[PDB]
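K.L.:
Can you keep this structure in mind? I'll have questions shortly.
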Amino acid sequence: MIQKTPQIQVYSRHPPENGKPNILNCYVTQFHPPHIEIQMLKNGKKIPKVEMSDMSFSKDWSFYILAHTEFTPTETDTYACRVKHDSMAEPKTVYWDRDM
Amino acid sequence: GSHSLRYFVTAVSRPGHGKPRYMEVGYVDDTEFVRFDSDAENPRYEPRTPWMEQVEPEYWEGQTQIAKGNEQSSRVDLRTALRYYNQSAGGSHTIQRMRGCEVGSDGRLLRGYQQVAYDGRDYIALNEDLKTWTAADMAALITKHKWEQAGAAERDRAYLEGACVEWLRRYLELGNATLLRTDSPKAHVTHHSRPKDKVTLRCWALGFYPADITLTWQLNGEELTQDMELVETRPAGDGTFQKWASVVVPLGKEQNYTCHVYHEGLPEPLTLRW
Amino acid sequence: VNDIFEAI
């Protein structure tokens, strides 16, 4: 069986305004096999209340998942999504960048 | 405008961790509207959209029965595949299927299909003529002759031309207000300094539906081919979508560049500049 | 509506 490496985007639901509650997305696509572990992080620590869509695939057969959590950007707090999948020996961590 | 009803279905084995997981998802155009998940507390087909809450109870009784029979038979297909490929026992494997109909605004069936993948790779597929099969390898050739011999294509065709098309119509009636809305994109440009007297201009489109959209950058009337970064269109999570496109330009020349946004919810494309 | 899938 051939593994497919996930592609990841990390981004807010709305344009970010420090101090305003918003929603942080981690959108994970193009992967195989469907088992995947996705954590969302705030200052390097696991955010405990993370929602995730159910196992789902696109018309090229590859699986995708949208994870999301509440968050309040501030100038100092970091956020990230960390994805662990059999295609990669090490977890992949993608940091949220307010410019993207 | 064309519309489609499609089902995407996954069976995943997990030897020694109980029986395979099984999922079915139905989409009208690209909106998920029903889902069956074998791992739910009490597995049944469920509405995934408020307009589906209106259907008769018998709808869910028959569809949950179909899903459970597909669940059981997909477990058999996973064992059959292992056998056909002569693969060693004890691994996780997947069988996926997509089946559905695409119908033009004149009600004509434009494409009816039924495709199967094993371990994420094409296995077998009904050709456009809805009568013959394309098998991807020797294992799938066994399936093909078995399906030929059993008249399988005729049953598929009957479904694709009949129930698929008729229910797609029904679902479009039920969900019209939502399915066929447009939310126009809110677009804006951001400016970011990059060492060496360069500036990144990012053209954003947010809050749009449906997902199809095009974003371009122009300098002096021509579109910037390469030099432009473009992210895959992504869900905001509330039913709308986002995308952006950026280019890097000389400090002080920002104002010669324009971003263009094309979307079916706009009466004409948008033009923005920093 | 979905229908049954024929076994491979």
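Here the Cβ positions follow ideal geometry from the backbone for every residue, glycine too, while neighbour counts run over all protein chains shown. Read-outs throughout are calculated quantities, based only on the coordinates presented, and are distinct from any laboratory measurement.
K.L.:
Mind checking B:122-129 for the average number of partner chain beta-carbons within 10 Å of each residue's beta-carbon?
P.N.:
0
K.L.:
Can you put B:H188, A:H32, B:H145 in order of Cβ neighbours within 10 angstrom, beginning with the fewest?
P.N.:
The most exposed by this proxy come first: B:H145, B:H188, A:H32.
K.L.:
Another one. Once you have the Kirkwood Rh of the range B:1-181 from its Cα pairs, apply Stokes-Einstein at 37 °C and 0.692 mPa s and quote D in µm²/s.
P.N.:
In µm²/s, the coefficient is 188.
K.L.:
What are the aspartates and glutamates whose alpha-carbon lies under 16 Å from the alpha-carbon of A:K4, with same-chain residues fewer than 8 places away excluded?
P.N.:
A:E37, A:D60, A:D86, A:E90, B:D119, B:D122
K.L.:
What's the center-to-center distance, using Cα atoms, between the range B:63-116 and the range B:1-49 in Å?
P.N.:
Centre-to-centre distance over Cα atoms comes out at 11 Å.
K.L.:
In units of 2.2 N^0.38 Å, what is the alpha-carbon radius of gyration of chain A?
P.N.:
1.09
K.L.:
In addition: When the convex hull of the Cα atoms of the range B:1-92 is projected onto a plane and the area is averaged over all directions, what value comes out in nm²?
P.N.:
If you wrap the Cα atoms of the range B:1-92 in a convex hull and average its projections, you get 7.7 nm².
K.L.:
Once you put a point 7 Å from the Cα of B:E254 and another 7 Å from the Cα of B:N127, both along the Cβ direction, what distance in nm separates them?
P.N.:
Once both label points are built, they end up 5.8 nm from each other.
K.L.:
So which of A:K59/A:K92; A:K20/B:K198; B:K196/B:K253; A:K49/A:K84 end up more than 21 Å apart, counting from Cα to Cα?
P.N.:
Too far apart for the 21 Å limit: A:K59/A:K92; A:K20/B:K198.
K.L.:
How many percent of Cα pairs in the range B:71-115 exceed 17 Å?
P.N.:
The share of Cα pairs beyond 17 Å in the range B:71-115 comes to 52 percent.
K.L.:
Please report the Cα spread of the range B:182-272 along all three principal axes, rounded to whole Å, starting with the longest.
P.N.:
40, 26, 19
K.L.:
What is the order of B:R48, B:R181, B:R99, fewest Cβ neighbours within 10 Å to most?
P.N.:
Fewest-to-most Cβ neighbours within 10 Å comes out as B:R181, B:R48, B:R99.
K.L.:
Can you tell me the Rg and Dmax of the protein assembly as shown, counting just the alpha carbons, in angstroms?
P.N.:
Calculated on Cα positions, Rg and Dmax stand at 23.2, 72 Å.
K.L.:
Same structure, new question: Extending each Cα 7 Å along its Cβ direction at B:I142 and B:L224, get the distance between those two points in nm, one decimal.
P.N.:
5.5 nm
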